[PDB]
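Have a look below at one chain only, the form deposited in one PDB entry, in C-alpha cells format.
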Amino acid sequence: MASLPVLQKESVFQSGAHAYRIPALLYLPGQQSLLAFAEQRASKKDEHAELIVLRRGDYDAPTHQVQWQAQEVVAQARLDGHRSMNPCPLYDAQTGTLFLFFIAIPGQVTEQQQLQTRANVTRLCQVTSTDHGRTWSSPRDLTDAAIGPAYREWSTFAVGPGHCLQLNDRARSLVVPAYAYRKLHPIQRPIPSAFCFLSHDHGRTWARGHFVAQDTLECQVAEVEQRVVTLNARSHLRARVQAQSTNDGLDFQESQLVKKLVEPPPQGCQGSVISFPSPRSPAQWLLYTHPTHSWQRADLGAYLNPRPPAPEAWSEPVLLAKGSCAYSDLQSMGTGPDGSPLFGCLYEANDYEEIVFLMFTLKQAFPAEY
C-alpha cells in the first residue's frame, strides 16, 4: 500500500507568497544536472499565472542524489503586459542552445473567454540561453512566423506543457508538442487537437505539424525505433490517446485510444511520456507518469512499454505517490547507481500546494523486468 521506494523524493516548489503549478523537467546530459521550471501564479487558478520560475539541480554521483539551487524568475520569459505559462524546455545537442518555449496571454484574460468568444489572443513565445539557464535572451514572440495564417483558425492554443523533443533525423529537428482549439463548425464548439511545431534549422524558423484524431489536449512526444515519433495526449474521454508519426512529426498516420491509461472525469489530466534505451528487440522502451485514480487526480503511477508503440503492451502502473497528484514531467537521466535506466520526475502534489521531484531507476519501478 506504500508508495514505491525511490532514490529521491524532495519538494522543490511550495505554496507561499505565490502558488506553483505546471512543472517541466530538462536533463542537461553534458552537465549531469536538471532544469526544473514551473508557473509562479498569484493564486492556484490558471488566469492568475504570472511568470516562470526556475531551479537548477545537480546530480551528485557519490550519493546518487540531486541538489537544487534556489528558485529564480526567468525574468526574460514574458511579453509586456502578458502573463507567462506552459514552460516547454528543450536542449539542442548540436548548437548547445537551451530553448524555453512558453505562452503569453494578456493580463487575466481567461482561456474560457477566448474559447466562447472564438478569439485567439495567446502568443507563442520562446527564450534561449547559451550558458545552461544562467542568463537568457530577449523573448522572441514566434506567433507570426509559426502560426501566421492559422492564428485565426484557432480559438486558442498552448505548447506542452513539459519538455520538448529533438529528433535524430538528418537535420536534428526541434519538435515542440502542442494542441489547438480549431474553429471547424459554425455552431458546434471548436474541438482541440494535438500537433507539433517543427523546425529543421535549429530554431531559426518554425512550422506547424499537422493535427491528430479530434479531441486531444496537452501532449508530449518521444522518438523510438524505422524511426517513429510516439505522442501521448490528454483527452476528455476516459483514457489517453496516443499516436505515431513516420514522417518526423509532420503527420500522425496511426492514432488509437489506450484504455490501460486512464483519465479523470472532467477533461483528463496532463501526463508525461519519454523513451529510453531497452535493457534487453526494439532499441527503446517508453515510460509514462500520470494519475491512476479514475474519479480524481491522485496516485501518480508509472507505466512501462517494452514493445513501443504497441498500445496493448503498456503495463499496469506502479504507485509513485499516494493521494493528490496532478501534472508531471519525466526525463531520461541515463544509467542509474544500480545500472538501470535513471529517471527524473517532477509532479504536482497535494491540491497543487507543492511540486515534488522524484528519482528512481528502472530496477526500482519494474523489478519484474530483471
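Note that the rigid core is defined as the largest set of C-alphas that superpose within 1.5 Å between two forms. Residues carry their position along the shown sequence, with the first being 1.
Keep in mind the form deposited in another entry is missing from the figure; the text below concerns it.
Comparing the two forms between the shown form and the other one on the rigid core, the single residue of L237, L184, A75, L257 with a CA shift of 2 Å or greater is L184. Superposition on the rigid core between the shown form and the other one places the CA atom of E111 2 Å or more away from its counterpart. With the core held fixed, the Cα of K9 is displaced between the shown form and the other one by less than 2 Å. Inter-residue distance, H18 to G301 (Cα): reduced by at least 3 Å in the other form versus the depicted form. The pair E111 and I103 separates in the other form: their C-alpha atoms are at least 3 Å more distant from each other than in the form depicted.
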